[PDB]
Amino acid sequence: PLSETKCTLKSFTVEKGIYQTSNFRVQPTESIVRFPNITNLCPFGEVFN
Amino acid sequence: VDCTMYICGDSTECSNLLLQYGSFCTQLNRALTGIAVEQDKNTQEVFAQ
Ligand SMILES: *[C@@H]1O[C@H](CO)[C@@H](O)[C@H](O)[C@H]1NC(C)=O
């Protein structure tokens, strides 16, 4: 965190105080996909041919 | 106000597209934090007498 403050302030030394920094955010652990499972295909064959 | 969160929340493509806009939101972080820090300077000025 100290070196991240150094990165933010673009200075090799940081004075006493409190400094903002890029916020933290828990990343998505995995992925979820929810389609309505449906059998029939779309009649693109009838559309085209 | 977290700049990158407001404009380009949860998007890496958007985040890259904002760094090409220079450092506008650095000032926006600076200005509001400048406002927020002054708020303490307000209350301490009137009540911590
Ligand atoms: C999806 O599958 C579940 C069972 O796994 C079933 O109850 C549901 O009706 C299906 N959805 C559709 C849109 O048919």
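Positions of Cβ are generated from backbone atoms using ideal geometry, with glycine treated the same way; all protein chains shown enter the neighbour counts. Please treat every number below as a calculation from the coordinates, not as lab data.
Here are the numbers for the structure shown:
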{"quantity": "Per-region count, the range A:9-32, residues away from the ligand (no atom under 16 Å from the Cβ) and within 26 Å of the chain's Cα centre (by Cα)", "calculated": "15"}
{"quantity": "Near pairs, Cβ below 8 angstrom, 6+ apart or cross-chain, from the range A:20-41 (on the phi > 0 side of the Ramachandran plot) to any residue that is acidic (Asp, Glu) and within 16 Å of the ligand (Cβ to nearest atom)", "calculated": "none"}
{"quantity": "Subset of the range B:13-23 [loosely packed, with under 11 Cβ neighbours inside 10 Å and either under 9 Å from the mean Cα position of the chain (by Cα) or part of a helix (DSSP H, G or I) (or both)]", "calculated": "B:13, B:16"}
{"quantity": "Failed item in (1) surrounded by fewer than 10 Cβ atoms within 10 Å (Cβ to Cβ); (2) within 14 Å of chain B (Cβ to nearest Cβ), with residue A:19 passing the rest", "calculated": "(1)"}
{"quantity": "Test for residue A:35: is it within 16 Å of the ligand (Cβ to nearest atom) and assigned to a loop (DSSP other than H, G, I, E, B)", "calculated": "yes"}
{"quantity": "First in the range A:1-15 and in contact (Cβ under 8 Å) with a residue 60 or more places away in the chain, second anywhere and assigned to a helix (DSSP H, G or I) and surrounded by 11 or more Cβ atoms within 10 Å (Cβ to Cβ), Cβ under 9 Å, 6 or more apart", "calculated": "none"}
